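Reproduced below: start.json, with JSON, C-alpha atoms and all ligand atoms.
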```json
[["chain", "number", "residue", "atom", "x", "y", "z"],
["A", 1, "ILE", "CA", 115.05, 97.44, 111.03],
["A", 2, "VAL", "CA", 115.78, 97.96, 114.73],
["A", 3, "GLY", "CA", 114.63, 95.41, 117.34],
["A", 4, "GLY", "CA", 113.74, 92.88, 114.68],
["A", 5, "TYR", "CA", 114.87, 89.41, 113.66],
["A", 6, "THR", "CA", 116.27, 87.57, 110.65],
["A", 7, "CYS", "CA", 113.35, 86.83, 108.37],
["A", 8, "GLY", "CA", 114.89, 83.80, 106.76],
["A", 9, "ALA", "CA", 115.89, 83.53, 103.11],
["A", 10, "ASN", "CA", 113.06, 84.42, 100.75],
["A", 11, "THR", "CA", 110.36, 84.21, 103.45],
["A", 12, "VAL", "CA", 109.27, 87.62, 102.20],
["A", 13, "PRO", "CA", 109.25, 86.93, 98.46],
["A", 14, "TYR", "CA", 107.43, 90.17, 97.55],
["A", 15, "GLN", "CA", 110.33, 92.15, 99.10],
["A", 16, "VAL", "CA", 112.61, 93.83, 96.58],
["A", 17, "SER", "CA", 115.83, 95.79, 96.82],
["A", 18, "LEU", "CA", 116.25, 98.86, 94.58],
["A", 19, "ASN", "CA", 119.86, 99.12, 93.44],
["A", 20, "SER", "CA", 121.77, 101.94, 91.74],
["A", 21, "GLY", "CA", 125.20, 100.30, 92.19],
["A", 22, "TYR", "CA", 124.27, 99.67, 95.85],
["A", 23, "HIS", "CA", 121.07, 98.87, 97.76],
["A", 24, "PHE", "CA", 119.32, 102.15, 98.49],
["A", 25, "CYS", "CA", 115.61, 101.32, 99.13],
["A", 26, "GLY", "CA", 113.08, 98.57, 99.58],
["A", 27, "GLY", "CA", 110.00, 98.00, 97.45],
["A", 28, "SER", "CA", 107.10, 95.63, 96.89],
["A", 29, "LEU", "CA", 106.39, 93.49, 93.84],
["A", 30, "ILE", "CA", 102.67, 93.76, 93.10],
["A", 31, "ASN", "CA", 102.64, 91.80, 89.85],
["A", 32, "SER", "CA", 105.12, 90.37, 87.32],
["A", 33, "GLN", "CA", 105.97, 93.79, 85.86],
["A", 34, "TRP", "CA", 105.38, 96.31, 88.70],
["A", 35, "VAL", "CA", 106.91, 97.42, 92.00],
["A", 36, "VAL", "CA", 105.55, 99.82, 94.62],
["A", 37, "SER", "CA", 107.99, 101.91, 96.64],
["A", 38, "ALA", "CA", 108.34, 105.36, 98.24],
["A", 39, "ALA", "CA", 108.36, 108.53, 96.18],
["A", 40, "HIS", "CA", 111.39, 109.57, 98.20],
["A", 41, "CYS", "CA", 113.22, 106.58, 96.75],
["A", 42, "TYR", "CA", 112.98, 108.05, 93.22],
["A", 43, "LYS", "CA", 116.09, 108.11, 91.06],
["A", 44, "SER", "CA", 117.24, 107.28, 87.53],
["A", 45, "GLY", "CA", 119.29, 104.17, 86.74],
["A", 46, "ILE", "CA", 117.31, 101.84, 88.99],
["A", 47, "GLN", "CA", 117.70, 98.07, 88.88],
["A", 48, "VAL", "CA", 115.10, 95.96, 90.69],
["A", 49, "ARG", "CA", 116.49, 92.98, 92.58],
["A", 50, "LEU", "CA", 114.07, 90.16, 93.34],
["A", 51, "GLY", "CA", 114.44, 86.97, 95.33],
["A", 52, "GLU", "CA", 117.16, 88.42, 97.53],
["A", 53, "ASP", "CA", 118.24, 87.38, 101.01],
["A", 54, "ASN", "CA", 121.90, 88.43, 101.36],
["A", 55, "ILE", "CA", 122.16, 91.51, 99.09],
["A", 56, "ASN", "CA", 125.93, 91.25, 98.96],
["A", 57, "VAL", "CA", 126.10, 87.54, 98.10],
["A", 58, "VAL", "CA", 124.70, 85.92, 94.96],
["A", 59, "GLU", "CA", 122.82, 82.95, 96.39],
["A", 60, "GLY", "CA", 121.16, 81.59, 93.26],
["A", 61, "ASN", "CA", 117.56, 82.76, 93.45],
["A", 62, "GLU", "CA", 117.94, 86.38, 92.45],
["A", 63, "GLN", "CA", 116.48, 88.11, 89.44],
["A", 64, "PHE", "CA", 118.03, 91.46, 88.47],
["A", 65, "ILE", "CA", 115.84, 93.51, 86.08],
["A", 66, "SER", "CA", 116.34, 97.11, 85.13],
["A", 67, "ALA", "CA", 113.52, 99.62, 85.52],
["A", 68, "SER", "CA", 112.02, 100.90, 82.27],
["A", 69, "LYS", "CA", 110.14, 103.64, 84.05],
["A", 70, "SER", "CA", 109.29, 105.35, 87.32],
["A", 71, "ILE", "CA", 106.05, 107.11, 88.20],
["A", 72, "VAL", "CA", 106.06, 109.22, 91.33],
["A", 73, "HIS", "CA", 102.60, 110.07, 92.73],
["A", 74, "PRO", "CA", 101.27, 113.22, 90.99],
["A", 75, "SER", "CA", 100.74, 114.97, 94.37],
["A", 76, "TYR", "CA", 103.94, 113.83, 96.10],
["A", 77, "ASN", "CA", 105.27, 116.71, 98.22],
["A", 78, "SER", "CA", 108.92, 116.15, 99.14],
["A", 79, "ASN", "CA", 108.81, 118.84, 101.84],
["A", 80, "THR", "CA", 106.22, 116.98, 103.91],
["A", 81, "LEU", "CA", 106.34, 113.43, 102.43],
["A", 82, "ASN", "CA", 102.60, 113.54, 101.74],
["A", 83, "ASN", "CA", 101.72, 110.95, 99.07],
["A", 84, "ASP", "CA", 105.10, 109.21, 99.49],
["A", 85, "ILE", "CA", 104.49, 106.52, 96.92],
["A", 86, "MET", "CA", 105.91, 105.59, 93.53],
["A", 87, "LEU", "CA", 105.46, 102.86, 90.93],
["A", 88, "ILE", "CA", 108.35, 101.27, 89.06],
["A", 89, "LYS", "CA", 107.96, 99.19, 85.91],
["A", 90, "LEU", "CA", 110.40, 96.33, 85.14],
["A", 91, "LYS", "CA", 112.05, 96.14, 81.68],
["A", 92, "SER", "CA", 111.01, 92.51, 81.50],
["A", 93, "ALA", "CA", 108.44, 90.49, 83.43],
["A", 94, "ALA", "CA", 109.77, 88.84, 86.53],
["A", 95, "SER", "CA", 109.63, 85.05, 86.50],
["A", 96, "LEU", "CA", 107.40, 84.40, 89.51],
["A", 97, "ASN", "CA", 108.07, 81.42, 91.77],
["A", 98, "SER", "CA", 108.38, 80.34, 95.41],
["A", 99, "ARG", "CA", 111.03, 82.98, 96.18],
["A", 100, "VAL", "CA", 109.64, 85.67, 93.95],
["A", 101, "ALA", "CA", 106.00, 86.49, 94.60],
["A", 102, "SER", "CA", 103.67, 89.45, 94.51],
["A", 103, "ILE", "CA", 101.79, 90.95, 97.49],
["A", 104, "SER", "CA", 98.09, 91.73, 97.14],
["A", 105, "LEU", "CA", 96.81, 95.28, 97.21],
["A", 106, "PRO", "CA", 94.19, 96.13, 99.85],
["A", 107, "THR", "CA", 90.44, 96.00, 99.19],
["A", 108, "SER", "CA", 89.98, 98.09, 102.33],
["A", 109, "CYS", "CA", 92.16, 99.92, 104.85],
["A", 110, "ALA", "CA", 93.38, 98.38, 108.12],
["A", 111, "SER", "CA", 92.43, 99.44, 111.65],
["A", 112, "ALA", "CA", 94.58, 100.52, 114.57],
["A", 113, "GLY", "CA", 95.80, 97.58, 116.64],
["A", 114, "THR", "CA", 96.25, 95.32, 113.61],
["A", 115, "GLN", "CA", 99.59, 93.50, 113.63],
["A", 116, "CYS", "CA", 101.77, 94.01, 110.58],
["A", 117, "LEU", "CA", 105.02, 92.75, 109.11],
["A", 118, "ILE", "CA", 107.70, 95.32, 108.19],
["A", 119, "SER", "CA", 110.93, 94.21, 106.55],
["A", 120, "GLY", "CA", 114.12, 95.52, 105.04],
["A", 121, "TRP", "CA", 117.89, 95.75, 104.91],
["A", 122, "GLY", "CA", 118.12, 99.14, 106.67],
["A", 123, "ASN", "CA", 120.01, 100.11, 109.84],
["A", 124, "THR", "CA", 119.56, 97.93, 112.89],
["A", 125, "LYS", "CA", 120.88, 100.43, 115.47],
["A", 126, "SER", "CA", 118.84, 103.01, 117.39],
["A", 127, "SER", "CA", 121.93, 105.18, 117.98],
["A", 128, "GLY", "CA", 124.73, 104.71, 115.45],
["A", 129, "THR", "CA", 124.77, 102.57, 112.29],
["A", 130, "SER", "CA", 124.99, 98.93, 111.23],
["A", 131, "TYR", "CA", 123.50, 97.49, 108.08],
["A", 132, "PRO", "CA", 122.58, 93.80, 107.91],
["A", 133, "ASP", "CA", 123.25, 91.96, 104.74],
["A", 134, "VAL", "CA", 120.29, 89.65, 105.12],
["A", 135, "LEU", "CA", 116.65, 90.73, 105.39],
["A", 136, "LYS", "CA", 115.23, 91.73, 108.75],
["A", 137, "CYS", "CA", 111.62, 91.48, 109.89],
["A", 138, "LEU", "CA", 109.53, 93.21, 112.55],
["A", 139, "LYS", "CA", 106.04, 92.51, 113.83],
["A", 140, "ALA", "CA", 104.43, 95.84, 114.71],
["A", 141, "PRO", "CA", 100.86, 97.06, 115.36],
["A", 142, "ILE", "CA", 99.18, 99.96, 113.65],
["A", 143, "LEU", "CA", 98.98, 102.83, 116.16],
["A", 144, "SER", "CA", 96.00, 105.08, 116.82],
["A", 145, "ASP", "CA", 95.94, 108.18, 114.62],
["A", 146, "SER", "CA", 95.90, 110.31, 117.76],
["A", 147, "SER", "CA", 99.09, 108.92, 119.23],
["A", 148, "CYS", "CA", 100.58, 109.33, 115.75],
["A", 149, "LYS", "CA", 99.66, 113.04, 115.55],
["A", 150, "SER", "CA", 100.72, 113.76, 119.13],
["A", 151, "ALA", "CA", 104.15, 112.45, 118.26],
["A", 152, "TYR", "CA", 104.27, 114.60, 115.13],
["A", 153, "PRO", "CA", 101.83, 117.52, 115.51],
["A", 154, "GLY", "CA", 100.68, 119.07, 112.25],
["A", 155, "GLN", "CA", 102.87, 116.61, 110.34],
["A", 156, "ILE", "CA", 100.53, 113.66, 109.82],
["A", 157, "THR", "CA", 98.12, 113.59, 106.87],
["A", 158, "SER", "CA", 95.24, 111.26, 106.02],
["A", 159, "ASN", "CA", 97.74, 109.48, 103.71],
["A", 160, "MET", "CA", 99.90, 108.44, 106.65],
["A", 161, "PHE", "CA", 99.70, 106.06, 109.59],
["A", 162, "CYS", "CA", 102.03, 105.24, 112.44],
["A", 163, "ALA", "CA", 103.03, 101.73, 113.41],
["A", 164, "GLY", "CA", 105.41, 100.47, 116.08],
["A", 165, "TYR", "CA", 105.92, 100.83, 119.80],
["A", 166, "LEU", "CA", 105.83, 104.09, 121.75],
["A", 167, "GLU", "CA", 108.31, 102.76, 124.30],
["A", 168, "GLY", "CA", 110.89, 102.53, 121.50],
["A", 169, "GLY", "CA", 113.43, 99.80, 120.74],
["A", 170, "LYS", "CA", 111.58, 98.38, 117.76],
["A", 171, "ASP", "CA", 111.16, 100.23, 114.46],
["A", 172, "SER", "CA", 112.13, 100.54, 110.81],
["A", 173, "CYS", "CA", 115.03, 102.85, 109.90],
["A", 174, "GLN", "CA", 117.17, 104.37, 107.14],
["A", 175, "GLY", "CA", 117.66, 101.92, 104.25],
["A", 176, "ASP", "CA", 114.25, 100.36, 104.91],
["A", 177, "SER", "CA", 112.70, 103.20, 102.91],
["A", 178, "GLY", "CA", 110.11, 102.10, 100.33],
["A", 179, "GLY", "CA", 109.66, 98.64, 101.80],
["A", 180, "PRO", "CA", 106.44, 96.85, 102.68],
["A", 181, "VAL", "CA", 104.17, 97.01, 105.64],
["A", 182, "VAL", "CA", 101.97, 93.94, 105.32],
["A", 183, "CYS", "CA", 98.84, 93.63, 107.45],
["A", 184, "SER", "CA", 96.12, 91.00, 107.15],
["A", 185, "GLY", "CA", 97.82, 89.64, 104.03],
["A", 186, "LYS", "CA", 97.70, 92.89, 102.10],
["A", 187, "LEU", "CA", 100.17, 95.69, 101.46],
["A", 188, "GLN", "CA", 98.89, 98.45, 103.70],
["A", 189, "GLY", "CA", 101.95, 100.60, 104.14],
["A", 190, "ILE", "CA", 105.27, 101.74, 102.74],
["A", 191, "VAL", "CA", 108.27, 102.65, 104.89],
["A", 192, "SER", "CA", 108.30, 106.45, 104.76],
["A", 193, "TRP", "CA", 109.69, 108.44, 107.64],
["A", 194, "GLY", "CA", 110.18, 109.01, 111.34],
["A", 195, "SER", "CA", 112.23, 110.95, 113.87],
["A", 196, "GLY", "CA", 115.41, 108.91, 114.37],
["A", 197, "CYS", "CA", 114.82, 105.18, 114.76],
["A", 198, "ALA", "CA", 113.30, 103.22, 117.62],
["A", 199, "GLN", "CA", 113.15, 106.30, 119.86],
["A", 200, "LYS", "CA", 110.56, 106.61, 122.61],
["A", 201, "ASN", "CA", 107.37, 108.43, 121.48],
["A", 202, "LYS", "CA", 108.61, 108.68, 117.91],
["A", 203, "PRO", "CA", 107.08, 105.73, 116.08],
["A", 204, "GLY", "CA", 107.54, 104.98, 112.36],
["A", 205, "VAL", "CA", 105.40, 106.77, 109.77],
["A", 206, "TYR", "CA", 104.07, 104.77, 106.83],
["A", 207, "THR", "CA", 102.42, 105.71, 103.53],
["A", 208, "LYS", "CA", 98.79, 104.70, 103.65],
["A", 209, "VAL", "CA", 98.49, 102.36, 100.69],
["A", 210, "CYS", "CA", 94.74, 101.76, 100.88],
["A", 211, "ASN", "CA", 94.25, 105.37, 99.70],
["A", 212, "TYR", "CA", 96.16, 104.75, 96.45],
["A", 213, "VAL", "CA", 94.73, 101.46, 95.15],
["A", 214, "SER", "CA", 92.65, 103.11, 92.41],
["A", 215, "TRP", "CA", 95.61, 105.23, 91.38],
["A", 216, "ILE", "CA", 97.89, 102.17, 91.29],
["A", 217, "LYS", "CA", 95.41, 100.12, 89.25],
["A", 218, "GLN", "CA", 94.64, 102.93, 86.81],
["A", 219, "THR", "CA", 98.33, 103.81, 86.47],
["A", 220, "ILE", "CA", 99.55, 100.27, 85.80],
["A", 221, "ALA", "CA", 96.72, 99.69, 83.28],
["A", 222, "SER", "CA", 97.73, 102.69, 81.21],
["A", 223, "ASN", "CA", 101.52, 102.24, 81.34],
["B", 301, "LIG", "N1", 110.44, 104.32, 111.17],
["B", 301, "LIG", "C1", 111.46, 105.15, 111.26],
["B", 301, "LIG", "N2", 111.89, 105.53, 112.45],
["B", 301, "LIG", "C2", 112.08, 105.65, 110.00],
["B", 301, "LIG", "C3", 112.60, 106.91, 109.94],
["B", 301, "LIG", "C4", 113.18, 107.35, 108.75],
["B", 301, "LIG", "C5", 113.24, 106.55, 107.61],
["B", 301, "LIG", "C6", 113.86, 106.98, 106.29],
["B", 301, "LIG", "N3", 113.13, 108.12, 105.69],
["B", 301, "LIG", "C7", 113.61, 109.38, 105.53],
["B", 301, "LIG", "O1", 114.77, 109.57, 105.90],
["B", 301, "LIG", "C8", 112.74, 110.48, 104.93],
["B", 301, "LIG", "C9", 112.99, 110.31, 103.43],
["B", 301, "LIG", "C10", 113.66, 111.62, 103.05],
["B", 301, "LIG", "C11", 113.33, 112.67, 104.10],
["B", 301, "LIG", "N4", 113.06, 111.85, 105.33],
["B", 301, "LIG", "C12", 112.93, 112.11, 106.58],
["B", 301, "LIG", "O2", 112.61, 111.31, 107.44],
["B", 301, "LIG", "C13", 113.22, 113.51, 107.16],
["B", 301, "LIG", "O3", 112.26, 114.53, 107.09],
["B", 301, "LIG", "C14", 110.90, 114.38, 106.89],
["B", 301, "LIG", "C15", 110.27, 115.48, 106.05],
["B", 301, "LIG", "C16", 108.78, 115.45, 105.86],
["B", 301, "LIG", "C17", 108.27, 115.57, 107.24],
["B", 301, "LIG", "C18", 108.76, 114.48, 108.14],
["B", 301, "LIG", "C19", 110.25, 114.50, 108.20],
["B", 301, "LIG", "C20", 112.70, 105.26, 107.68],
["B", 301, "LIG", "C21", 112.13, 104.84, 108.88],
["B", 302, "CA", "CA", 121.84, 87.89, 97.01]]
```

Structure translated into structure tokens:
Amino acid sequence: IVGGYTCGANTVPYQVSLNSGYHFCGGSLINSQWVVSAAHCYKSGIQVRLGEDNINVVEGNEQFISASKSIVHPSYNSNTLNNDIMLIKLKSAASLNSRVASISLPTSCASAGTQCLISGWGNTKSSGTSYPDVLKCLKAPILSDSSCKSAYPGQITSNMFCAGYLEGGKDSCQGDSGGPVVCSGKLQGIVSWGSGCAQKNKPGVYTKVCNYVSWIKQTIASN
């Protein structure tokens, strides 16, 4: 997260870190046994880490639970990042509490101009690299589909939306992948892609969660 601020310990209790010996992606707890993340975050040997603030310091509120299974969207296309969404099941049910909470799935989509919260432990530099150890937060509006497509002609699908600032300076970035975009108290996006980070006229591109709610619900009910 570039141009953001320190969230504050566990103020984003639905935020998870995916760990394979190191943090490599964000995700979102949607109930005691299930996490939503980006398809591009897929890999074997994944451990879900809940209730984190500093990912390099054990602070006493964490729950580490291995993944029993991953389900990448059936139509995920890695070449274009269309349908960049995946579900991860926990080996054991998380013990939900103040610091470890689920985020509600949308009942509807969200409109351009809506303010959202994006968070993660990804790079905080626009040029160059610096990873924070605590969680960073960014307030960012959903952008019109037409400024999204003009930034990335022929690259935006109906399963994507842009959010951010066209002037630059404020954006998500590498390491924020798979993390939540929360608008009007629901999970409306997943950190997916972008050209660089926080660059002018290159806003962040997010998976459009409201399109996948039936798939998520059907998939978690049968797995
Ligand atoms: N908001 C941002 N500026 C932002 C930019 C990048 C990321 C991290 N995501 C990535 O690095 C993703 C995952 C793997 C391929 N990739 C890419 O961004 C690179 O290429 C994609 C290919 C499909 C068409 C768009 C370009 C996260 C955030
Ligand atoms: Ca920790």

Please identify all polymer residues within 6 Å of segment 3-15 of chain A, counting all atoms listed in the file, omitting same-chain residues fewer than 4 positions from it, and present them as a VMD selection string. chain A and resid 28 to 29 53 99 to 103 135 to 138 169 to 170

Within 9 Å of ligand CA 302 (chain B) (all atoms listed in the file), residues as an NGL selection string: :A and (49-62 or 133-134)

Test item: residues lying within 9 Å of ligand LIG 301 (chain B) with all atoms listed in the file, as an mmCIF file with C-alpha atoms, in the frame of the given file:
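Below is the file that was written, result.cif:
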```
data_model
loop_
_atom_site.group_PDB
_atom_site.id
_atom_site.type_symbol
_atom_site.label_atom_id
_atom_site.label_comp_id
_atom_site.auth_asym_id
_atom_site.auth_seq_id
_atom_site.Cartn_x
_atom_site.Cartn_y
_atom_site.Cartn_z
ATOM 1 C CA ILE A 1 115.050 97.440 111.030
ATOM 2 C CA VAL A 2 115.780 97.960 114.730
ATOM 3 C CA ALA A 38 108.340 105.360 98.240
ATOM 4 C CA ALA A 39 108.360 108.530 96.180
ATOM 5 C CA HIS A 40 111.390 109.570 98.200
ATOM 6 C CA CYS A 41 113.220 106.580 96.750
ATOM 7 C CA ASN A 77 105.270 116.710 98.220
ATOM 8 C CA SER A 78 108.920 116.150 99.140
ATOM 9 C CA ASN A 79 108.810 118.840 101.840
ATOM 10 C CA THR A 80 106.220 116.980 103.910
ATOM 11 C CA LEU A 81 106.340 113.430 102.430
ATOM 12 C CA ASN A 82 102.600 113.540 101.740
ATOM 13 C CA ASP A 84 105.100 109.210 99.490
ATOM 14 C CA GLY A 122 118.120 99.140 106.670
ATOM 15 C CA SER A 126 118.840 103.010 117.390
ATOM 16 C CA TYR A 152 104.270 114.600 115.130
ATOM 17 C CA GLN A 155 102.870 116.610 110.340
ATOM 18 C CA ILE A 156 100.530 113.660 109.820
ATOM 19 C CA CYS A 162 102.030 105.240 112.440
ATOM 20 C CA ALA A 163 103.030 101.730 113.410
ATOM 21 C CA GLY A 164 105.410 100.470 116.080
ATOM 22 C CA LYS A 170 111.580 98.380 117.760
ATOM 23 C CA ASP A 171 111.160 100.230 114.460
ATOM 24 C CA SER A 172 112.130 100.540 110.810
ATOM 25 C CA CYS A 173 115.030 102.850 109.900
ATOM 26 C CA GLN A 174 117.170 104.370 107.140
ATOM 27 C CA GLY A 175 117.660 101.920 104.250
ATOM 28 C CA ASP A 176 114.250 100.360 104.910
ATOM 29 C CA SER A 177 112.700 103.200 102.910
ATOM 30 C CA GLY A 178 110.110 102.100 100.330
ATOM 31 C CA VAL A 191 108.270 102.650 104.890
ATOM 32 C CA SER A 192 108.300 106.450 104.760
ATOM 33 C CA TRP A 193 109.690 108.440 107.640
ATOM 34 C CA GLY A 194 110.180 109.010 111.340
ATOM 35 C CA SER A 195 112.230 110.950 113.870
ATOM 36 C CA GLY A 196 115.410 108.910 114.370
ATOM 37 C CA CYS A 197 114.820 105.180 114.760
ATOM 38 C CA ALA A 198 113.300 103.220 117.620
ATOM 39 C CA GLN A 199 113.150 106.300 119.860
ATOM 40 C CA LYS A 202 108.610 108.680 117.910
ATOM 41 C CA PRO A 203 107.080 105.730 116.080
ATOM 42 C CA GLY A 204 107.540 104.980 112.360
ATOM 43 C CA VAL A 205 105.400 106.770 109.770
ATOM 44 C CA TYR A 206 104.070 104.770 106.830
#
```

To one decimal place in Å, what is the distance between atom CA of residue 17 of chain A and atom CA of residue 48 of chain A?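 Taking atom CA of residue 17 of chain A and atom CA of residue 48 of chain A, their separation equals 6.2 Å.
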
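The residue that comes closest to residue 83 of chain A, out of A:65, A:118, A:18, A:210 and on the basis of all atoms listed in the file, is A:210.
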
Residues near residue 201 of chain A, cut-off 8 Å, all atoms listed in the file, skip fewer than 2 positions along chain, as a list in words: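 Neighbouring residues, sequence-local ones excluded: residues 151, 165, 166, 167, 168, 199 and 203 of chain A.
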
Would you be able to write out as number ranges by chain which residues have an atom within 7 Å of (98.5, 104.9, 108.8) in the file's coordinates, counting all atoms listed in the file? A: 142, 159-162, 206-208

For residue 87 of chain A, which residue out of A:27, A:153, A:120, A:141 is the nearest one, using only C-alpha atoms?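 Under the stated criterion, the closest residue is A:27.
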
Quote the spacing between atom CA of residue 143 of chain A and atom CA of residue 209 of chain A in Å to one decimal place. 15.5 Å

Using all atoms listed in the file, which residue out of A:92, A:145, A:181, A:187 lies closest to residue 33 of chain A?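 When distances to residue 33 of chain A are compared using all atoms listed in the file, the smallest one comes from A:92.
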
Could you please determine the separation between atom CA of residue 213 of chain A and atom CA of residue 64 of chain A in Å, to one decimal place?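 Distance between the two atoms: 26.2 Å.
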
Nearest to residue 23 of chain A, chosen from A:131, A:106, A:96, A:140, with all atoms listed in the file counted in the distances: A:131

Any chance you could model N, CA and C atoms for segment 87-105 of chain A and send them as a PDB file, keeping the file's coordinate frame?
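Contents of the output file result-v5.pdb:
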```pdb
ATOM      1  N   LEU A  87     105.500 104.115  91.666  1.00  0.00           N
ATOM      2  CA  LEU A  87     105.460 102.860  90.930  1.00  0.00           C
ATOM      3  C   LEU A  87     106.682 102.744  90.010  1.00  0.00           C
ATOM      4  N   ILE A  88     107.209 101.526  89.937  1.00  0.00           N
ATOM      5  CA  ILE A  88     108.350 101.270  89.060  1.00  0.00           C
ATOM      6  C   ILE A  88     108.058 100.104  88.128  1.00  0.00           C
ATOM      7  N   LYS A  89     108.243 100.303  86.827  1.00  0.00           N
ATOM      8  CA  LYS A  89     107.960  99.190  85.910  1.00  0.00           C
ATOM      9  C   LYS A  89     109.243  98.459  85.543  1.00  0.00           C
ATOM     10  N   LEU A  90     109.232  97.139  85.491  1.00  0.00           N
ATOM     11  CA  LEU A  90     110.400  96.330  85.140  1.00  0.00           C
ATOM     12  C   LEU A  90     110.568  96.232  83.624  1.00  0.00           C
ATOM     13  N   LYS A  91     111.783  96.208  83.108  1.00  0.00           N
ATOM     14  CA  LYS A  91     112.050  96.140  81.680  1.00  0.00           C
ATOM     15  C   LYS A  91     111.481  94.867  81.067  1.00  0.00           C
ATOM     16  N   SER A  92     111.524  93.822  81.873  1.00  0.00           N
ATOM     17  CA  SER A  92     111.010  92.510  81.500  1.00  0.00           C
ATOM     18  C   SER A  92     110.290  91.913  82.707  1.00  0.00           C
ATOM     19  N   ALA A  93     109.261  91.135  82.424  1.00  0.00           N
ATOM     20  CA  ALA A  93     108.440  90.490  83.430  1.00  0.00           C
ATOM     21  C   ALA A  93     109.269  89.567  84.303  1.00  0.00           C
ATOM     22  N   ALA A  94     109.117  89.761  85.615  1.00  0.00           N
ATOM     23  CA  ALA A  94     109.770  88.840  86.530  1.00  0.00           C
ATOM     24  C   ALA A  94     109.226  87.432  86.319  1.00  0.00           C
ATOM     25  N   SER A  95     110.084  86.440  86.534  1.00  0.00           N
ATOM     26  CA  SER A  95     109.630  85.050  86.500  1.00  0.00           C
ATOM     27  C   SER A  95     109.229  84.635  87.909  1.00  0.00           C
ATOM     28  N   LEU A  96     107.920  84.635  88.166  1.00  0.00           N
ATOM     29  CA  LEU A  96     107.400  84.400  89.510  1.00  0.00           C
ATOM     30  C   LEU A  96     107.493  82.936  89.922  1.00  0.00           C
ATOM     31  N   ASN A  97     107.764  82.734  91.203  1.00  0.00           N
ATOM     32  CA  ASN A  97     108.070  81.420  91.770  1.00  0.00           C
ATOM     33  C   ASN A  97     108.018  81.477  93.289  1.00  0.00           C
ATOM     34  N   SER A  98     108.417  80.403  93.955  1.00  0.00           N
ATOM     35  CA  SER A  98     108.380  80.340  95.410  1.00  0.00           C
ATOM     36  C   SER A  98     109.042  81.547  96.073  1.00  0.00           C
ATOM     37  N   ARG A  99     110.183  81.970  95.546  1.00  0.00           N
ATOM     38  CA  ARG A  99     111.030  82.980  96.180  1.00  0.00           C
ATOM     39  C   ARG A  99     110.756  84.372  95.638  1.00  0.00           C
ATOM     40  N   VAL A 100     109.904  84.400  94.619  1.00  0.00           N
ATOM     41  CA  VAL A 100     109.640  85.670  93.950  1.00  0.00           C
ATOM     42  C   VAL A 100     108.136  85.752  93.678  1.00  0.00           C
ATOM     43  N   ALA A 101     107.456  86.433  94.589  1.00  0.00           N
ATOM     44  CA  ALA A 101     106.000  86.490  94.600  1.00  0.00           C
ATOM     45  C   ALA A 101     105.497  87.903  94.822  1.00  0.00           C
ATOM     46  N   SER A 102     104.292  88.150  94.305  1.00  0.00           N
ATOM     47  CA  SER A 102     103.670  89.450  94.510  1.00  0.00           C
ATOM     48  C   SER A 102     102.863  89.490  95.807  1.00  0.00           C
ATOM     49  N   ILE A 103     102.645  90.677  96.344  1.00  0.00           N
ATOM     50  CA  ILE A 103     101.790  90.950  97.490  1.00  0.00           C
ATOM     51  C   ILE A 103     100.536  91.688  97.005  1.00  0.00           C
ATOM     52  N   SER A 104      99.397  91.225  97.489  1.00  0.00           N
ATOM     53  CA  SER A 104      98.090  91.730  97.140  1.00  0.00           C
ATOM     54  C   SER A 104      97.856  93.136  97.677  1.00  0.00           C
ATOM     55  N   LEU A 105      97.216  93.936  96.834  1.00  0.00           N
ATOM     56  CA  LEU A 105      96.810  95.280  97.210  1.00  0.00           C
ATOM     57  C   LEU A 105      95.568  95.205  98.088  1.00  0.00           C
TER      58      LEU A 105
END
```
